[PDB]
Amino acid sequence: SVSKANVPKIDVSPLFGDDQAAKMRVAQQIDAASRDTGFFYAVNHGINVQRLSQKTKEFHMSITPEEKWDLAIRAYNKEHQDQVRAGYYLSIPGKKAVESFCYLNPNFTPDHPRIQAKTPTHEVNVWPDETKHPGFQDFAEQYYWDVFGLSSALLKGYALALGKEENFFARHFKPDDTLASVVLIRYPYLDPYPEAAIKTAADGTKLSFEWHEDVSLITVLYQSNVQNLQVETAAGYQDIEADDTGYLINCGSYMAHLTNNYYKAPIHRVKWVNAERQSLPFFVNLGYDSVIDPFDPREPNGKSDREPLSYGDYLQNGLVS
Ligand SMILES: N[C@@H](CCCC(=O)N[C@@H]1C(=O)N2[C@@H]1S[C@H](CO)[C@@H]2C(=O)O)C(=O)O
Ligand SMILES: [Fe+2]
């Protein structure tokens with residue numbers, strides 16, 4: 001069988017406070033995890049994840065085919081040419097099992113300057129009818145800000161881990177312009193399960209999704225308590241244990257770029273499991289114009305031979321790829 005990946009549980013609660021040495025001890029743990037498998041569980045994070053799971057389940061289980069077309073991104077509904085990112089991503093019964101709903105910064109309203117300019121990667125969220133889904137929009141928007149807050153705290157820990165001041169990343173992660181997204185992914189139980197929705201890896205493993213690096217600075221993920229994720233290490237792919245009380249954290253490829261691969265974006269994949277479950281990532285993205293100068297923490301002078309890349313260029317390029 002597959003070895004279990006080392007995915008430590010880190011109490012991140014000091015990152016919300018003013019005990020600087022305690023924050024450094026958290027930063028060390030983040031450093032160690034980042035340099036090992038690239039994953040850790042954030043615990044004592046303050047978010048009500050059971051309620052998140054319950055509200056998300058109520059939504060997934062009550063939304064109708066009519067509503068899904070009405071909310072569909074343009075890959076599924078040609079009428080919705082402005083919806084590249086935000087909206088409903090339909091299942092295809094007999095073929096594609098997964099379905100999801102993505103939303104972006106609630107501050108991307110029609111009057112937002114980037115929406116007015118039609119800047120790539122910015123969209124105004126779409127929502128189901130309030131009467132059919134009472135409280136869902138308000139809950140989902142509040143969740144965005146709850147997970148934004150956790151993510152800001154985690155970015156302080158990453159900054160300290162890399163030898164920087166604690167606002168090194170967080171100063172570019174702002175409510176008025178963050179390109180961060182929430183995705184509410186449903187993985188269904190199906191009997192029989194469509195073979196066309198099952199991929200097989202080179203090593204024989206049945207997959208729902210093949211290997212990838214995340215398009216993000218960091219990813220902040222809640223999942224149901226059903227083991228499914230694997231990470232590629234030198235020892236081969238290893239199983240990441242489930243923990244539905246914590247947030248699974250890893251770096252995306254923007255972090256790898258900025259740190260000259262000192263904090264790699266780990267390659268990971270999703271095993272096929274025939275189980276009704278949830279995968280609720282928050283992709284921590286900066287602003288469209290955010291640029292952090294690449295560096296290299298392994299080098300005495302900290303200098304890197306990588307070219308600066310704006311977050312908006314990174315994201316546009318990554319989402320297409
Ligand atoms: N629409 C988003 C970007 C979504 C990126 C994405 O689709 N991620 C993969 C996916 O689906 N999975 C990975 S992350 C996560 C596991 O690696 C999830 C899963 O399948 O569980 C946006 O515009 O910002
Ligand atoms: Fe991923």
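Note that ligands are numbered from 1 as they come in the structure, with each ligand's atoms numbered from 1 the same way. Side chains are part of it too, since the values below use all heavy atoms of this structure and drop only hydrogens, waters and symmetry mates. Numbers here simply count residues along the sequence, with the first being 1.
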Numbering the atoms of ligand 1 from 1, which are under 4.0 Å from a heavy atom of [X]?
X: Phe283; result: 4 (C), 5 (C), 8 (N), 14 (S)
X: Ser279; result: 19 (C), 21 (O)
X: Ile185; result: 11 (O), 18 (C), 19 (C)
X: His268; result: 17 (O)

Query raised in the report: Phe173 ring centre to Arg171 NZ or CZ under 6.0 Å, with the angle to the axis within 45°?
Result: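 Output no; distance or angle outside limits.
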**Report entry** Within 45° cone and under 6.0 Å: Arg298 NZ/CZ vs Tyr262 ring
**Finding:**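 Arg298 over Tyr262 ring: no.
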Query raised in the report: Among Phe209, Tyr187, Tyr89, whose heavy atom sits nearest atom 20 (O) of ligand 1?
Result: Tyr187
Would you mind checking which non-hydrogen protein atom is closest to [atom], with the distance to 0.1 Å?
atom: atom 13 (C) of ligand 1; answer: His212 NE2, 3.8 Å
atom: atom 24 (O) of ligand 1; answer: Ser181 OG, 2.7 Å
atom: atom 16 (C) of ligand 1; answer: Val270 CG2, 3.9 Å
atom: atom 23 (O) of ligand 1; answer: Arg85 NE, 2.8 Å

Using a 4.0 Å heavy-atom threshold (strictly under), name the region of [X] that reaches ligand 1: side chain, backbone, both or neither.
X: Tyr103; value: neither
X: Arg269; value: neither
X: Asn285; value: neither

**Report entry** Exercise check, heavy-atom protein proximity under 4.0 Å to atom 9 (C) of ligand 1
**Finding:** no
Report task. For atom 1 (N) of ligand 1, state whether the nearest protein heavy atom is under 4.0 Å away. Result -> yes
If the threshold is 4.0 Å, N to carboxylate O, is there a salt bridge linking [X] and [Y]?
X: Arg25; Y: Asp11; answer: no
X: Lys55; Y: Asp138; answer: no
X: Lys271; Y: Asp239; answer: yes
X: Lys23; Y: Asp19; answer: no
X: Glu276; Y: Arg186; answer: yes

Report task. Of all N, O or S atoms in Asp214, identify the one at the shortest distance from the Fe ion (ligand 2). Result -> OD1
**Report entry** Residue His268 atom name (nearest to the Fe ion (ligand 2); N/O/S)
**Finding:** NE2
**Report entry** Linked hydrophobic residues, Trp211 as query - side chain contacts closer than 4.5 Å
**Finding:** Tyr237, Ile267
Query raised in the report: Which residue pairs pass the side chain to side chain donor-acceptor pair (under 3.5 Å) test with at least one member in residues 145-165, sequence neighbours excluded?
Result: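 Side chain to side chain donor-acceptor pair (under 3.5 Å) check on residues 145-165 returns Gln142-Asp146.
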Query - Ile47 backbone acceptor or donor facing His45 side chain under 3.5 Å - result: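 Side chain of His45 to backbone of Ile47, a donor-acceptor pair under 3.5 Å: yes, one is there.
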